[PDB]
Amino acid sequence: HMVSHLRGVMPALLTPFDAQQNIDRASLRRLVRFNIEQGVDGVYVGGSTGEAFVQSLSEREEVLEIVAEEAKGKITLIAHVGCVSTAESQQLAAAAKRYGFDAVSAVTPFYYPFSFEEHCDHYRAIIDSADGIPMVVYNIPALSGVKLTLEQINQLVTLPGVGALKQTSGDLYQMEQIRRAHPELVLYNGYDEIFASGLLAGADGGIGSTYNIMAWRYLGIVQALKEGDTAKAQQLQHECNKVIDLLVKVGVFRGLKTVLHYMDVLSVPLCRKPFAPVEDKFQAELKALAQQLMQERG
């Protein structure tokens, strides 16, 4: 109850790159202000959506500082500092601390098969480098490849320093089990395509990549469920999933950046290689989506 300021809808911030795949500091600032203007509660910087695992530590630090300049004091700031290496993760956590972030986050170290105790000592070290700001633990069985148990999840979110769990799992039975076991836990829905259902299962918020282009739709699902308007929440989720269908067809990250480009937010919609660029045949649909979303705002 002492870290209640971490609840809400927070876009997983994309990292804009230039024509040579270097950070586009100018576009990054505009994206932070664009999200603030959507009414989001916070911003999740340097995550998987931010293409952190194709950036260097110095680059991820560069992004963390720019976002903190634009957003500190305006919306909640969460820095994803996770690496495979515990020392590299500690470097980013100390940096987030220096920049004034409200919390840090770390994906379960992946690739190599680490024991559960190793995962805990990994979070304990990062939490120490965070030097007093809460940790948002991860439970992503899909991409990371770490299948956990309820009692393991219960041990993670009880570590001294953990103040939230980012639940990137479609298993809403486990979502309900987590909520039932930890009534006060800040619990982010990680899959935008089941946002409405994730909230009903126990989540009290979300962190998603598609929030960068239509965060108001997800804010509206929250409003609808609070109001008892299940039909409105369903219709909103249908629309979000029409978009996600398109983003899956064309590439989620590059598709979102392309929409933000046609929205005149990002100057370059590139992802870093080996992400290929968007195919020409998809450009017409993505531009029309931008016009739809911009007219839908006001």
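Heads up: residue numbers just count along the shown sequence, starting at 1. Just so we're on the same page, rigid core means the largest C-alpha set that superposes within 1.5 Å between forms.
Asker: Which stretch is more displaced from the shown form in 5 other deposited structures of this protein, 113-121 or 142-150, with RMS over structures and residues of Cα positions after a rigid core fit?
Answerer: The stretch that sits farther from the shown form in 5 other deposited structures of this protein is 142-150.
Asker: Which has the higher mean CA temperature factor in the PDB entry, 260-268 or 225-233?
Answerer: For C-alpha atoms only, the mean B-factor is higher in 225-233.
Asker: Quick one: higher average CA temperature factor, 207-215 or 142-150?
Answerer: Averaging CA B-factors over each stretch, the winner is 142-150.
Asker: Looking at the entry's B-factor column for C-alpha atoms only, identify whether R25 ranks in the lowest, middle or highest third of its chain.
Answerer: According to the entry, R25 has a C-alpha B-factor in the chain's middle third.
Asker: If you rank the chain by CA B-factor, which third does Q90 end up in: lowest, middle or highest?
Answerer: It belongs to the middle third of the chain when residues are ordered by C-alpha B-factor.
Asker: Within this chain's modelled residues, let me know which third the CA B factor of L200 belongs to: lowest, middle or highest.
Answerer: Answer is middle: the recorded C-alpha B-factor places it there.
Asker: Where does the C-alpha B-factor of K72 rank in its chain, lowest, middle or highest third?
Answerer: Top third by C-alpha B-factor.
Asker: Divide the modelled residues of the chain into thirds by Cα B-factor and specify which third, lowest, middle or highest, holds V137.
Answerer: Middle third - that is where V137 ends up once the chain's C-alpha B-factors are sorted.
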